[PDB]
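> give the three-dimensional model of this entry:
(2 chains)
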Amino acid sequence: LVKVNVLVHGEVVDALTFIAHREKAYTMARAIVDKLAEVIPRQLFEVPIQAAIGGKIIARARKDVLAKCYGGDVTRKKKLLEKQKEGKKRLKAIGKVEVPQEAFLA
RNA sequence: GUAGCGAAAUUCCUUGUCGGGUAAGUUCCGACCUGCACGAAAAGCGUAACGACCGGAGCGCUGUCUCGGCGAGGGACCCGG
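Numbering: from 1, shown residues only, chains lettered A, B, ... in the order given. Shown next is the protein structure:
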């Protein structure tokens, strides 16, 4: 029966996982795990909430300023491209919570 | 770098998260504090009244727009110059 869990950037997530018996691990993985996407996205980080059932992960479930200095500089584009790129590393980390549970449970 | 204020006639990231105001808002208000790059005399913070200033919000009244319709007269037209 084991105890198939799940993963979601954070940890422990809502409150799933039971007992994956008879390959039942991935059996429902591509099902429940792929919970659409919590209906709500919250931010543009795109956290990857996998399924820490008991591995070894299993399941596998941003402003637009860049184009404004138009017509040139595959240079300066990059300059302003890194600015926000740094936030992600400082966001997902500092941006505690990021847990939008209590959606539909499906 | 004290106080004090803070995502503001400064916050890149980045519509930043919580909150409210509204059907739903990157607008604004409130706090939030990671102050990229605020800061004590190139003060700031507060702040009455005053303002042909910027910002929201609501009520009113209501052809901007929802869709116009007709009229009025001065040209625009034909002839005369």
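
> give me the phi and psi angles of the closest residue to residue A:29 other than its chain neighbours.
Counting by CB to CB, 6 or more residues apart in numbering, residue A:29 lies nearest to residue A:59, which is 4.6 Å off, once chain neighbours are set aside. C-betas here are computed from N, CA, C, even on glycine. Here is the backbone geometry of residue A:59 (degrees, to the nearest 10): phi -50, psi 150.

> residue A:59 is in contact with residue A:30, isn't it?
Yes - if you go by CB atoms under 8 Å, residue A:59 and residue A:30 touch, sitting 7.2 Å apart.

> look at the two and report which has more neighbours.
residue A:59 (25 against 13; other CB atoms under 10 Å).

> what residues are up against that one?
Contacts for residue A:59 were tallied using CB atoms under 8 Å, 6 or more residues apart in numbering; they are A:6, A:7, A:26, A:29, A:30, A:33, A:34, A:50, A:51, A:53.

> show me those residues that map onto helices.
Within the contacts of residue A:59, residues falling in helices by DSSP state H are residue A:26.
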